[PDB]
Ligand code: CLA
Ligand code: CLA
Ligand code: CLA
Ligand code: CLA
Ligand code: CLA
Ligand code: CLA
Ligand SMILES: CC1=C(/C=C/C(C)=C/C=C/C(C)=C/C=C/C=C(C)/C=C/C=C(C)/C=C/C2=C(C)C[C@@H](O)CC2(C)C)C(C)(C)C[C@H](O)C1
Ligand SMILES: CC1=C(/C=C/C(C)=C\C=C/C(C)=C/C=C/C=C(C)/C=C/C=C(C)/C=C/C2=C(C)C[C@@H](O)CC2(C)C)C(C)(C)C[C@H](O)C1
Ligand SMILES: CC1=C(/C=C/C(C)=C/C=C/C(C)=C/C=C/C=C(C)/C=C/C=C(C)/C=C/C2=C(C)CCCC2(C)C)C(C)(C)CCC1
Ligand SMILES: CC1=C(/C=C/C(C)=C/C=C/C(C)=C/C=C/C=C(C)/C=C/C=C(C)/C=C/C2=C(C)CCCC2(C)C)C(C)(C)CCC1
Ligand code: SF4
Ligand code: SF4
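Written out as structure tokens, the structure is:
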């Protein structure tokens, strides 16, 4: 604790540049820090959590403040379909005059926003820059508060005990009823009091919200139980959003489908959704036994779920202790569920646009889908990484004897071998069918293509009421008890939306959609295979039966026993990242091309070209690259210059990653030795001495540095393309 | 914007002065 | 315990020997930073603000003949002499003085106080009495000048009005 | 019957809170049935109570004083002091903007240092040693405790009173003094 | 439109977050 | 430094000691195996962690095990 890093004496004693790198890379692995106790670990994490939350509120503050100060929110409200929202001003003294003009948006040099903040803020009732700014100040206070809380809870009297941190039943009650439930109840309050009034051109703010009742009938219906009153007189189908013209009085409805003007969910549906959700969460958070002698014990629930056959051995006996005592098990489950939520957000927000006019902001739609699927992809890789770490660091076989978790390890070869089978099957046949299609199309015979109708997915569209395919099942059947039950509620609005081919609600699907879905299945299964193999072999294999003794991350076990490069569970994380990027690539390529085709009104292009891979390269990548790569050229530059420059930058970063991934350490260490030699023997230069002996990056470090360049290049390349291709085209 | 001078002060600060100060501070911190 | 704020404990790193000590440090910046640096920073920010307050007071019934036809308002003046190329000569000259007075050790890491208490830069040509309560008189004038200067420039930005015109009979 | 050991004086059926021993100036009852002091810092809660007491007391007197008469240059259109209408006016005037600045200044440069000192256990919550006229006496005397107990009892009453003030004015749309005079 | 005063009020509150952030950072 | 451990299944074949390019290891008398000798790791301050010893060990699993630890001038194989 007398040289960086203070938390590792083993690193601090390292006389080489490795000390600095490993200091940075291990700074947050609190468990492995010198003299770390379980109590200090939890308390450090809790305080770090306050830091991270404060960061989220400062970032959000920044976005509100920049739009308030430098944006065109007020001008965008006036004309949301034509006006481009501004992110923030550019001040760059490297700009030539031509670049200042190219990026001039009105009277300001500025970036256009593709984050959808204007659409969201406008939908939730924000109407002017002073309201945004008030938001910014409000969130600076929230940041400051969390920084105070963070600071308080690492002061001796305010450090919570380990028993506090392992109070599962209490945290679940509060998080369900309070964090989810009451937040959703309070948010309902915002929609009913502020957002819905704002949608009907009625200003409700801090100035008047005490006096201005969000419904004419007040709270008399709510206490008399005459709740139908709140659903009467919804906004007409002629309602001009932000105005009273065709406005209703309803605050809670079940209209289904879209506001025809804003092509977004009804605010009164979203109000009533959140009321329903709030109640479900408040009830759900009264499940678990705290201090009042009612509710469930989570251990008692788990221990009871042992099938009497003995087919799951001891069932869930021991799982309670295993989960409660492992932060990595907890982080794994949390990342797994959050990943799924992030993917569901991506899928549901494009299909059922919540925000006024954002269906028309094509760049924002594409940006948001892509952003969230890459976050979801990172989260699920992380979930499995912490699954693997859990197995090495926290899993005790003796405490999990013959339970569901121990039984996974018992048949790991059955699991891995079957994931291998499904991956091989999907890979052979998906690549096979695409290559069949490419060859017969290349030979001028597209009628010889294997074009398998996605009839199961088409049948599901028909169950939700899509008439197009000729199936008359459930909601697409007039006589179904499913149809008749919903006819007076959401079904008219929903059927209108689902049978409209202009929106993204249950897009029409054909053979193109069949093939890419099997590509997506291949990617999910293979990424899963790598991560699961990583987790189930983390503790040991036939090649390294004592792997758990070497920990999550180590270079290898040397060239003996045939050679052991990339044997650590960390190496499975490293390999899975490539497959995650590849898979999210296929997903987001598919989303983007399907939407470009829809938005152009040339669905036929996607339908015909998507069934062979040259179609993707030519009609998606090559065709849509033109606006991007002409951001600058010999004749001049335009506002896409920054995406053109970023695009090349990202290709460079991607390719630089290959150096670290392909060329390994020994080459570099030998080269550095000659440079050290040269420096010491060069006059004048040799008066200057390094304090840290320069060495080549470590074996694992280069995998990480290579993967970061690869990942950054991968993401920035696609970001520049998906933005510039969409912005350039519309 | 209203305070259109501010980017002329803060972008150099965040972009040149503060990164040099931070690099200088971290250099001394990791070399002592 | 703190003389200025009895309800708060005394700032430990502060001492009564230091000039202008009231034990006033509610934020405890004397814990965060070396007192010798803060002390040096205080007197300097003072000495600079002192000259800044005089600058505004003199250039108002005068403005040196050879620079005549320049606005005496803070921001317009700054913009004029930067365009002129006078402020860049002053910047390098102040830069020169800073290196000369501190004798190379200019960094918070480097600056040292071997045989000099904070503020003692070895500038006493008239040879007036230093080691006494005269340091507290410099500090009080410096502290007042720092708030003074802040009051001038904010008055200059608010209603575009002269320092001496403000104290006649005006309200917004 | 009563509980076995030490019982809460204010509620003889409930057990006495662990931290509240009856010694505090305005805490003879040891009144904490919901058990806030069992989970929260007493020094924090005391600082908050005394802060609320002093803000509430000024605010209750402020309403009464502003009702009786307001200054001319402050063109107060609303006669209801705890109305949104009046609050909104003196935000736009910049009057509440000015007192916000010096309240925020106090809280950041005085109140927050003062709170942190109390959590460390080097300051009695609420103590700023402000007694120019010496209407309390020596710090820690029986006279000081009587005034300390008096501060809370007056403050707790003002805190509740301000609830009555706000809510009654919101229904009736009448002054607190106007309501007393007219039924 | 956001006034010079509003931008500077934001900056002092961001300064306060800076102070509180450094306080937390220094302790963690 | 690296940690080098010898487990009881060592058959005293000497192959790890012959393989070690840093002279970390030596053979010591021992009654536990027929060879009458066991590998020993007395000079692990000189161990570079090359695992030539493990490569040479014929037992299943290994009787000699190298746990890479805290890096030093010596362990990093630096001639500067
Ligand atoms: C912000 C207001 C506030 C705060 C922070 C405190 C804080 C405190 N009070 Mg005080 N008290 C208050 C208002 C407050 N009081 C008022 C208005 C009265 C008059 C009724 C009292 C009467 C009182 C007595 C007689 C005693 C205390 C005592 C205390 C101390 C111990 C109890 C506790 O932990 O806090 C309570 C923490 C809170 C956050 C307040 C509760 C707020 C929640 C949201 C509940 C809302 C209740 C609502 C008004 C309906 C009440 C009806 C029914 C449920 C009873 C603690 C310093 C004890 C002491 O030791 O004195 C020094 C003591 O003996 N208080
Ligand atoms: C009402 C009681 C309550 C509340 C409100 C919270 C709230 C919180 N606690 Mg918990 N906590 C509680 C009681 C409570 N706690 C109790 C009693 C215990 C002890 C038994 C704990 C023990 C505890 C620990 C040990 C930790 C927390 C942490 C947290 C924070 C989690 C991070 C976060 O901000 O999530 C925000 C969550 C939501 C907003 C919920 C919804 C999120 C899902 C994914 C919905 C999808 C989003 C939705 C559609 C909205 C979209 C918004 C917009 C962009 C359109 C959060 C502030 C962590 C922390 O960070 O502390 C600093 C932490 O480490 N708590
Ligand atoms: C999840 C719940 C939630 C969320 C995310 C929002 C979000 C928002 N609200 Mg809404 N609102 C809500 C619930 C919510 N509200 C509830 C329950 C009501 C009561 C029915 C309102 C009534 C309301 C009004 C009257 C107004 C808003 C406005 C806003 C916008 C700016 C808010 C701001 O500057 O505060 C910054 C954030 C904080 C201060 C966070 C910390 C929260 C503190 C600790 C709690 C105190 C709440 C509040 C700030 C002050 C209470 C006032 C008091 C008289 C009751 C923002 C979009 C304003 C707007 O401009 O609309 C477009 C506006 O005028 N809201
Ligand atoms: C809530 C989310 C969360 C939390 C609390 C943790 C916590 C932890 N993780 Mg986990 N993890 C997560 C999500 C999370 N992770 C996700 C989403 C993934 C998938 C990516 C992982 C994958 C993962 C692996 C593979 C490992 C961990 C490890 C750890 C431990 C800390 C390692 C460390 O010191 O980091 C320090 C981190 C760094 C020094 C990386 C710096 C930032 C990177 C390189 C991005 C650089 C971006 C670049 C600057 C942008 C360029 C811009 C361009 C324009 C130029 C810690 C327990 C490690 C561990 O030791 O556990 C045993 C470990 O090996 N995590
Ligand atoms: C285009 C690039 C590419 C391709 C085609 C593959 C293919 C494969 N990867 Mg690999 N992978 C890649 C890049 C690629 N990877 C990258 C960049 C990484 C990061 C290092 C990985 C890391 C990785 C890991 C960690 C894993 C995989 C696995 C797989 C297999 C997945 C299942 C499958 O699809 O089986 C079907 C097989 C194919 C599609 C391969 C091509 C088969 C060809 C078309 C047959 C050719 C026959 C024909 C007659 C021509 C003969 C030529 C002649 C000269 C003999 C598959 C062999 C996993 C696995 O092995 O699962 C079982 C696995 O765990 N990959
Ligand atoms: C926010 C980050 C930032 C900012 C504000 C700048 C700003 C500038 N850069 Mg850029 N630059 C940056 C990051 C940044 N750079 C990075 C990360 C790189 C690496 C890719 C570059 C690579 C780069 C190159 C290769 C060049 C620039 C140049 C410039 C200048 C062009 C405008 C001009 O015509 O001045 C013309 C010059 C002047 C008006 C003279 C002023 C020069 C400085 C400010 C002297 C100050 C002296 C002062 C007394 C002491 C302070 C010194 C220092 C501590 C600030 C401008 C000062 C050009 C330049 O002229 O630099 C000298 C140039 O050739 N930059
Ligand atoms: C807000 C504002 C106000 C501003 C008034 C505010 C409070 C006053 C602040 C100004 C301060 C006090 C100047 C500080 C005096 C500085 C002088 C210039 C010192 C001379 C040189 C000395 C003596 C030392 C050097 C030397 C030392 C080393 C010793 C020897 O070697 C000799 C020399 C070589 C001289 C109003 C009231 C005008 C109203 C307006 O409306 C708004
Ligand atoms: C809205 C807002 C405004 C004002 C905001 C703000 C000031 C409003 C303040 C409301 C407060 C003070 C209500 C307080 C509620 C009063 C409670 C309910 C009293 C306790 C209940 C009893 C019953 C318990 C006592 C007990 C009982 C059981 C009896 C005994 O036996 C024992 C004890 C233990 C004493 C404006 C004006 C700024 C405009 C802006 O536009 C928006
Ligand atoms: C007063 C005044 C002025 C000034 C002002 C200014 C200039 C300001 C500034 C400001 C600033 C300059 C600010 C700052 C800020 C900062 C912050 C707010 C930060 C944050 C942070 C956080 C939140 C976190 C972090 C972390 C990490 C990352 C690591 C460790 C841990 C932690 C978590 C801590 C003028 C001249 C106008 C004049 C008038 C008056
Ligand atoms: C390795 C490991 C780990 C990790 C893990 C993971 C990462 C996982 C994940 C996983 C996942 C990621 C999962 C998922 C799943 C999902 C599901 C299970 C779903 C289902 C669903 C359903 C059931 C549906 C239904 C429906 C439909 C379809 C329609 C209509 C409606 C309804 C609702 C009826 C842990 C940490 C644990 C620990 C250790 C080991
Ligand atoms: S790892 Fe290499 S240096 Fe170390 S004992 Fe084995 S052979 Fe010798
Ligand atoms: S190679 Fe293995 S079996 Fe042979 S002496 Fe060395 S440790 Fe023992």
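Residue numbers (our numbering), protein chains in the order written: chain A, 630 to 1359; chain B, 568 to 599; chain C, 20 to 191; chain D, 1329 to 1511; chain E, 68 to 95; chain F, 1487 to 1566. Backbone N, C-alpha and C fix where the C-beta goes; we use that ideal spot for every residue, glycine too.
* Does the Cβ-Cβ distance between residue 716(A) and residue 740(A) come in under 7 Å? -> yes
* **One or two residues paired with residue 1265(A) in a DSSP bridge** => 1262(A)
* **Candidates 1322(A), 1357(A), 1359(A), of which the one nearest residue 644(A) by Cα** => 1322(A)
* Kindly list the residues whose CB is nearer than 8 Å to the CB of residue 654(A), restricted to its own chain and excluding five residues on each side of it in sequence; keep chain order. => 1330, 1333
* residue 1508(F) beta carbon near ligand 11 (any heavy atom closer than 6 Å) -> Correct: residue 1508(F) has its Cβ closer than 6 Å to ligand 11.
* **Ranges of the alpha helix (DSSP H) found wholly within the segment 1264-1301 of chain A, counting only runs of at least 4** => 1270-1291
* With 9 Å as the limit, tell me which residues of the segment 1310-1331 of chain A have their beta carbon closer than that to any beta carbon of chain B; keep them in chain order. => 1320, 1321
* To do: Go ahead and pull the three-state DSSP assignment for residue 1524(F).
  => In this structure, residue 1524(F) counts as strand in the three-state DSSP scheme.
* residue 1410(D) Cβ short of 6 Å to ligand 8 heavy atom set -> yes
* To do: Identify the continuous beta strand (DSSP E) that holds residue 1491(F) and give its terminal residues.
  => 1489-1492
* Determine, using beta carbons only, whether residue 1550(F) and residue 1525(F) come nearer to each other than 7 Å. => yes
* To do: Might you give, ordered along the chain, the residues of its own chain that have their beta carbon closer than 8 Å to the beta carbon of residue 1036(A), omitting 5 neighbours on each side?
  => 941, 942
* To do: Just confirm the distance between the C-beta atoms of residue 817(A) and residue 727(A), as a whole number of angstroms; I'd bet it's less than 8 Å.
  => So it is not a contact: roughly 51 Å between Cβ atoms.
* Asked: Using CA coordinates, which residue listed in 1088(A), 1106(A), 1107(A) is at the minimum distance from residue 1098(A)?
  -> 1088(A)
* Asked: So, helix, strand or coil for residue 1512(F), using DSSP?
  -> strand
* If you draw a straight line from the C-alpha of residue 1393(D) to the C-alpha of residue 93(C), how long is it? -> 44 Å
* To do: Starting from residue 894(A), follow its DSSP beta bridges and name the residues at the other end.
  => 887(A)
* Taking the continuous beta strand (DSSP E) assigned at residue 718(A), which residues delimit it? -> Per DSSP, residue 718(A) belongs to the beta strand (DSSP E) from 715-718.
* To do: Work out the CA separation of residue 1349(A) and residue 1271(A) for me, nearest whole Å.
  => 8 Å
* To do: Within 10 angstroms of the Cβ of residue 183(C), are there 16 or more other Cβ atoms? Answer buried if so, exposed if not.
  => When all chains shown are included, residue 183(C) counts as exposed.
* Only counting runs of 4 or more residues, tell me where the alpha helix (DSSP H) segments fall wholly within the segment 647-721 of chain A, in order along the chain. => As far as the segment 647-721 of chain A is concerned, its whole alpha helix (DSSP H) runs of at least 4 residues are 647-655, 667-699, 702-707.
* Close-in-space but distant-in-sequence residues of the same chain around residue 28(C) (CB under 8 Å, 5 per side omitted) -> 20, 21
* In three-state DSSP terms, what is residue 940(A)? -> coil
* If I'm right that residue 1217(A) touches residue 1002(A) with Cβ under 8 Å, what's the distance once you round it to whole angstroms? => 6 Å
* List the DSSP bridge partners of residue 1551(F). => 1491(F)
* Span of the beta strand (DSSP E), counted from its first residue to its last, around residue 869(A) -> No beta strand (DSSP E) holds residue 869(A); DSSP gives it neither H nor E.
* To do: Run down chain A in chain order and give the residues with a C-beta less than 8 Å from the C-beta of residue 1537(F).
  => 1186, 1187, 1188, 1189
* Asked: Which chain B residues are close to residue 83(E), counting only those with a beta carbon under 9 Å from its beta carbon?
  -> Ordered by position in chain B, no residue passes the 9 Å Cβ test against residue 83(E), which lies about 17 Å from the chain.
* Asked: In angstroms, rounded to a whole number, what distance separates the CA positions of residue 24(C) and residue 771(A)?
  -> So the alpha carbons of these two residues sit roughly 29 Å apart.
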